[PDB]
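Asker: Before I ask anything, here's the sequence and the deposited coordinates:
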Amino acid sequence: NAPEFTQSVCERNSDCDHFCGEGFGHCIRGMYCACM
């Protein structure tokens, strides 16, 4: 069993620059996002 449903919330780190703000956005593995 190998499931993967962890959809990329950000395709680009710059999506996180919209979510957390530019310079505060970090895409973790291109899976989920974390803010500075």
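Answerer: Yep, that arrived. Numbers count the residues shown, from 1 in each chain.
Asker: tell me the contacts of residue 19?
Answerer: 9-10, 25, 33, 35 (C-beta atoms under 8 Å, 6 or more residues apart in numbering). In short, each C-beta sits where N, CA and C put it, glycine included.
Asker: how close does it get to residue 3?
Answerer: 25 Å (C-beta to C-beta, to the nearest Å).
Asker: same check, this time on residue 35
Answerer: Residue 35 sits 27 Å away from residue 3, going by C-beta to C-beta.
Asker: higher neighbour count, these two?
Answerer: Summary of the neighbour comparison: residue 35 and residue 3, criterion other C-beta atoms under 10 Å, with residue 35 having more neighbours (10 against 5).
Asker: and the more buried one, bridged to which residues?
Answerer: Bridge pairing for residue 35 (DSSP bridges) gives the partners residue 25.
Asker: and it, what does it touch?
Answerer: Applying C-beta under 8 Å, 6+ apart, one finds that residue 35 lies in contact with 16, 19-21, 24-26.
Asker: which pair in those residues spans the largest distance?
Answerer: In terms of C-beta to C-beta, the contacts of residue 35 reach their longest pairwise distance at 21 and 26, which sit 11.1 Å apart.
Asker: All the strands of the chain, residue numbers only.
Answerer: Listed in chain order, the strands of the chain (DSSP state E) span residues 25-28, 32-35.
Asker: just checking, what packs against the first one?
Answerer: Judged by 3 or more C-beta pairs under 8 Å, 6 or more residues apart in numbering; DSSP states H and E, the packing partners of strand 25-28 are helix 13-19, strand 32-35.
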